[PDB]
$ cat run-v3.cif   # mmCIF, N, CA, C and O atoms
data_work
#
loop_
_atom_site.label_atom_id
_atom_site.label_comp_id
_atom_site.auth_asym_id
_atom_site.auth_seq_id
_atom_site.Cartn_x
_atom_site.Cartn_y
_atom_site.Cartn_z
N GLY E 1 68.58 -102.24 -149.52
CA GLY E 1 67.72 -101.60 -148.54
C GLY E 1 66.29 -102.10 -148.61
O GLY E 1 66.00 -103.22 -148.21
N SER E 2 65.40 -101.26 -149.12
CA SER E 2 63.99 -101.61 -149.24
C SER E 2 63.42 -101.15 -150.57
O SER E 2 63.88 -100.16 -151.15
N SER E 3 62.41 -101.87 -151.06
CA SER E 3 61.78 -101.53 -152.33
C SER E 3 60.28 -101.33 -152.16
O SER E 3 59.67 -101.88 -151.24
N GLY E 4 59.69 -100.54 -153.04
CA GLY E 4 58.26 -100.28 -152.97
C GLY E 4 57.94 -98.80 -152.88
O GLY E 4 58.73 -97.96 -153.32
N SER E 5 56.78 -98.48 -152.32
CA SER E 5 56.36 -97.09 -152.18
C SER E 5 56.09 -96.75 -150.72
O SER E 5 55.90 -97.63 -149.89
N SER E 6 56.06 -95.45 -150.42
CA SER E 6 55.81 -94.99 -149.05
C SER E 6 55.11 -93.64 -149.06
O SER E 6 54.93 -93.02 -150.11
N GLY E 7 54.71 -93.18 -147.88
CA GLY E 7 54.03 -91.90 -147.76
C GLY E 7 52.79 -91.83 -148.63
O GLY E 7 52.69 -90.99 -149.52
N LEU E 8 51.84 -92.72 -148.37
CA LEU E 8 50.59 -92.76 -149.13
C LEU E 8 49.59 -91.75 -148.59
O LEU E 8 48.99 -90.98 -149.35
N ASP E 9 49.41 -91.74 -147.27
CA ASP E 9 48.49 -90.82 -146.63
C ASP E 9 49.24 -89.66 -145.99
O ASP E 9 50.05 -89.85 -145.08
N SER E 10 48.96 -88.45 -146.47
CA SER E 10 49.61 -87.25 -145.94
C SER E 10 48.63 -86.40 -145.15
O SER E 10 48.88 -85.23 -144.88
N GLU E 11 47.50 -87.01 -144.77
CA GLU E 11 46.48 -86.30 -144.00
C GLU E 11 46.44 -86.81 -142.57
O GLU E 11 45.49 -86.52 -141.82
N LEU E 12 47.46 -87.56 -142.18
CA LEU E 12 47.54 -88.11 -140.83
C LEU E 12 48.71 -87.50 -140.06
O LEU E 12 49.69 -87.07 -140.66
N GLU E 13 48.60 -87.48 -138.74
CA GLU E 13 49.65 -86.94 -137.89
C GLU E 13 50.83 -87.90 -137.79
O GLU E 13 50.76 -89.04 -138.26
N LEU E 14 51.92 -87.44 -137.19
CA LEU E 14 53.11 -88.26 -137.03
C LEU E 14 53.06 -89.05 -135.72
O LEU E 14 52.42 -88.66 -134.75
N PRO E 15 53.75 -90.20 -135.70
CA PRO E 15 53.80 -91.08 -134.53
C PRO E 15 54.60 -90.47 -133.38
O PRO E 15 55.05 -89.32 -133.47
N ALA E 16 54.76 -91.23 -132.31
CA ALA E 16 55.51 -90.76 -131.15
C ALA E 16 56.98 -90.52 -131.50
O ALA E 16 57.55 -91.21 -132.34
N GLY E 17 57.58 -89.52 -130.85
CA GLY E 17 58.97 -89.20 -131.11
C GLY E 17 59.13 -88.19 -132.23
O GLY E 17 59.92 -87.25 -132.11
N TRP E 18 58.39 -88.38 -133.31
CA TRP E 18 58.46 -87.48 -134.46
C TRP E 18 57.85 -86.12 -134.11
O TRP E 18 56.85 -86.04 -133.40
N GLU E 19 58.46 -85.06 -134.63
CA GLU E 19 57.98 -83.71 -134.38
C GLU E 19 58.36 -82.77 -135.52
O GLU E 19 59.55 -82.51 -135.75
N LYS E 20 57.36 -82.27 -136.23
CA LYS E 20 57.60 -81.36 -137.35
C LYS E 20 58.03 -79.98 -136.85
O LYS E 20 57.56 -79.51 -135.81
N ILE E 21 58.92 -79.34 -137.59
CA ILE E 21 59.41 -78.02 -137.23
C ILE E 21 59.29 -77.04 -138.39
O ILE E 21 59.70 -77.34 -139.51
N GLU E 22 58.71 -75.88 -138.12
CA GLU E 22 58.53 -74.85 -139.14
C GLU E 22 59.54 -73.72 -138.97
O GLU E 22 59.54 -73.04 -137.95
N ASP E 23 60.39 -73.53 -139.97
CA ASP E 23 61.40 -72.48 -139.93
C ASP E 23 61.51 -71.78 -141.28
O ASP E 23 61.45 -72.40 -142.34
N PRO E 24 61.67 -70.45 -141.23
CA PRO E 24 61.78 -69.63 -142.44
C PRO E 24 63.10 -69.86 -143.18
O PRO E 24 63.30 -69.36 -144.29
N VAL E 25 63.99 -70.61 -142.55
CA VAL E 25 65.29 -70.91 -143.15
C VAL E 25 65.42 -72.40 -143.47
O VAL E 25 65.99 -72.77 -144.49
N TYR E 26 64.88 -73.24 -142.60
CA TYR E 26 64.93 -74.68 -142.79
C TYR E 26 63.63 -75.20 -143.39
O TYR E 26 63.62 -76.18 -144.13
N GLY E 27 62.53 -74.53 -143.08
CA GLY E 27 61.23 -74.93 -143.60
C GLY E 27 60.56 -75.97 -142.73
O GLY E 27 60.66 -75.92 -141.50
N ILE E 28 59.87 -76.92 -143.36
CA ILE E 28 59.18 -77.97 -142.64
C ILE E 28 59.99 -79.26 -142.63
O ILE E 28 60.16 -79.90 -143.67
N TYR E 29 60.49 -79.64 -141.46
CA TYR E 29 61.28 -80.85 -141.32
C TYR E 29 60.88 -81.62 -140.06
O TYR E 29 60.77 -81.05 -138.98
N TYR E 30 60.67 -82.92 -140.22
CA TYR E 30 60.28 -83.77 -139.11
C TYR E 30 61.51 -84.33 -138.39
O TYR E 30 62.35 -84.98 -139.01
N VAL E 31 61.59 -84.08 -137.09
CA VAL E 31 62.72 -84.56 -136.29
C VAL E 31 62.28 -85.65 -135.33
O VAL E 31 61.46 -85.42 -134.43
N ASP E 32 62.82 -86.85 -135.51
CA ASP E 32 62.48 -87.98 -134.66
C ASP E 32 63.51 -88.14 -133.54
O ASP E 32 64.63 -88.59 -133.78
N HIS E 33 63.12 -87.78 -132.33
CA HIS E 33 64.00 -87.88 -131.17
C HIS E 33 64.21 -89.34 -130.78
O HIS E 33 65.12 -89.66 -130.01
N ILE E 34 63.37 -90.22 -131.31
CA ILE E 34 63.47 -91.64 -131.01
C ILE E 34 64.46 -92.33 -131.94
O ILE E 34 65.47 -92.87 -131.50
N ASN E 35 64.16 -92.31 -133.24
CA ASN E 35 65.03 -92.94 -134.23
C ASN E 35 66.20 -92.02 -134.58
O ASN E 35 67.17 -92.46 -135.20
N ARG E 36 66.10 -90.76 -134.17
CA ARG E 36 67.16 -89.79 -134.44
C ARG E 36 67.33 -89.58 -135.94
O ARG E 36 68.45 -89.57 -136.45
N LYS E 37 66.22 -89.40 -136.64
CA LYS E 37 66.25 -89.19 -138.09
C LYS E 37 65.45 -87.94 -138.47
O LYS E 37 64.54 -87.53 -137.75
N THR E 38 65.80 -87.35 -139.60
CA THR E 38 65.12 -86.15 -140.08
C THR E 38 64.69 -86.30 -141.53
O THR E 38 65.52 -86.47 -142.42
N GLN E 39 63.38 -86.25 -141.76
CA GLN E 39 62.84 -86.38 -143.11
C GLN E 39 61.55 -85.59 -143.26
O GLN E 39 60.73 -85.53 -142.34
N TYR E 40 61.36 -84.97 -144.42
CA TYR E 40 60.17 -84.18 -144.69
C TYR E 40 58.96 -85.08 -144.94
O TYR E 40 57.82 -84.68 -144.72
N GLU E 41 59.23 -86.30 -145.40
CA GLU E 41 58.16 -87.25 -145.68
C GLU E 41 57.40 -87.61 -144.41
O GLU E 41 57.90 -87.41 -143.30
N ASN E 42 56.20 -88.14 -144.58
CA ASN E 42 55.37 -88.53 -143.44
C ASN E 42 55.14 -90.04 -143.43
O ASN E 42 54.32 -90.58 -144.17
N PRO E 43 55.88 -90.74 -142.55
CA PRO E 43 55.78 -92.19 -142.42
C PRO E 43 54.45 -92.62 -141.79
O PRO E 43 54.23 -93.81 -141.55
N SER E 44 53.58 -91.65 -141.53
CA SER E 44 52.29 -91.93 -140.92
C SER E 44 51.55 -93.01 -141.71
O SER E 44 51.70 -93.13 -142.92
N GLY E 45 50.75 -93.80 -141.00
CA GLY E 45 49.99 -94.87 -141.64
C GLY E 45 50.26 -96.22 -141.01
O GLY E 45 51.06 -96.36 -140.09
N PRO E 46 49.57 -97.26 -141.52
CA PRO E 46 49.71 -98.63 -141.02
C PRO E 46 51.07 -99.23 -141.37
O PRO E 46 51.21 -99.93 -142.37
N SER E 47 52.07 -98.96 -140.53
CA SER E 47 53.41 -99.47 -140.75
C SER E 47 54.09 -99.82 -139.43
O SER E 47 54.47 -98.94 -138.67
N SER E 48 54.22 -101.12 -139.17
CA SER E 48 54.84 -101.59 -137.93
C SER E 48 56.32 -101.91 -138.16
O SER E 48 56.77 -102.04 -139.30
N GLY E 49 57.07 -102.03 -137.07
CA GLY E 49 58.48 -102.33 -137.16
C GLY E 49 59.17 -102.33 -135.81
O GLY E 49 59.78 -101.34 -135.42
#

$ encode --input "run-v3.cif" --output "structure tokens"
Amino acid sequence: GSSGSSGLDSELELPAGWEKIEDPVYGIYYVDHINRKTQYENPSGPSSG
């Protein structure tokens, strides 16, 4: 897959498609309607692809 580190800056908002959701049962989870992925981490930052 990939090696290295990620999620360095956690003070930035999420890119297009991504949308954080707050639930008392699920908690805080980011749902990407574009990539169709769900992760609590914040891919925000200088990262192209």

$ atom_distance --input "run-v3.cif" --atom1 "atom N of residue 48 in chain E" --atom2 "atom N of residue 31 in chain E"
18.7 Å

$ residues_near_point --input "run-v3.cif" --point "(57.1, -90.6, -141.5)" --cutoff "8 Å" --atoms "only N, CA, C and O atoms" --output "MDAnalysis selection string"
chainID E and resid 7 9 13:15 18 30 39:45

$ atom_distance --input "run-v3.cif" --atom1 "CA of residue 36 in chain E" --atom2 "CA of residue 19 in chain E"
11.0 Å

$ atom_distance --input "run-v3.cif" --atom1 "atom O of residue 21 in chain E" --atom2 "atom C of residue 47 in chain E"
23.2 Å

$ closest_residue --input "run-v3.cif" --among "E:1, E:49, E:32, E:37" --to "residue 17 in chain E" --atoms "only N, CA, C and O atoms"
E:32

$ closest_residue --input "run-v3.cif" --among "E:16, E:6, E:46, E:11" --to "residue 34 in chain E" --atoms "all atoms listed in the file"
E:16

$ select_by_dssp --input "run-v3.cif" --residues "chain E" --states "strand (DSSP E or B)" --output "tab-separated table (two decimals) with N, CA, C and O atoms, keeping the file's coordinate frame"
chain	number	residue	atom	x	y	z
E	18	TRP	N	58.39	-88.38	-133.31
E	18	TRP	CA	58.46	-87.48	-134.46
E	18	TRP	C	57.85	-86.12	-134.11
E	18	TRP	O	56.85	-86.04	-133.40
E	19	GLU	N	58.46	-85.06	-134.63
E	19	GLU	CA	57.98	-83.71	-134.38
E	19	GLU	C	58.36	-82.77	-135.52
E	19	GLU	O	59.55	-82.51	-135.75
E	20	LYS	N	57.36	-82.27	-136.23
E	20	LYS	CA	57.60	-81.36	-137.35
E	20	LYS	C	58.03	-79.98	-136.85
E	20	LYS	O	57.56	-79.51	-135.81
E	21	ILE	N	58.92	-79.34	-137.59
E	21	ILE	CA	59.41	-78.02	-137.23
E	21	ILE	C	59.29	-77.04	-138.39
E	21	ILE	O	59.70	-77.34	-139.51
E	22	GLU	N	58.71	-75.88	-138.12
E	22	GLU	CA	58.53	-74.85	-139.14
E	22	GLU	C	59.54	-73.72	-138.97
E	22	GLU	O	59.54	-73.04	-137.95
E	23	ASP	N	60.39	-73.53	-139.97
E	23	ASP	CA	61.40	-72.48	-139.93
E	23	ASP	C	61.51	-71.78	-141.28
E	23	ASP	O	61.45	-72.40	-142.34
E	27	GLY	N	62.53	-74.53	-143.08
E	27	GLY	CA	61.23	-74.93	-143.60
E	27	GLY	C	60.56	-75.97	-142.73
E	27	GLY	O	60.66	-75.92	-141.50
E	28	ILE	N	59.87	-76.92	-143.36
E	28	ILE	CA	59.18	-77.97	-142.64
E	28	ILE	C	59.99	-79.26	-142.63
E	28	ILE	O	60.16	-79.90	-143.67
E	29	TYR	N	60.49	-79.64	-141.46
E	29	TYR	CA	61.28	-80.85	-141.32
E	29	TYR	C	60.88	-81.62	-140.06
E	29	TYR	O	60.77	-81.05	-138.98
E	30	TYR	N	60.67	-82.92	-140.22
E	30	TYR	CA	60.28	-83.77	-139.11
E	30	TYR	C	61.51	-84.33	-138.39
E	30	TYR	O	62.35	-84.98	-139.01
E	31	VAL	N	61.59	-84.08	-137.09
E	31	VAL	CA	62.72	-84.56	-136.29
E	31	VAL	C	62.28	-85.65	-135.33
E	31	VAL	O	61.46	-85.42	-134.43
E	32	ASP	N	62.82	-86.85	-135.51
E	32	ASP	CA	62.48	-87.98	-134.66
E	32	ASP	C	63.51	-88.14	-133.54
E	32	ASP	O	64.63	-88.59	-133.78
E	37	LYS	N	66.22	-89.40	-136.64
E	37	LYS	CA	66.25	-89.19	-138.09
E	37	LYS	C	65.45	-87.94	-138.47
E	37	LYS	O	64.54	-87.53	-137.75
E	38	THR	N	65.80	-87.35	-139.60
E	38	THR	CA	65.12	-86.15	-140.08
E	38	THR	C	64.69	-86.30	-141.53
E	38	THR	O	65.52	-86.47	-142.42
E	39	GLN	N	63.38	-86.25	-141.76
E	39	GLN	CA	62.84	-86.38	-143.11
E	39	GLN	C	61.55	-85.59	-143.26
E	39	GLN	O	60.73	-85.53	-142.34
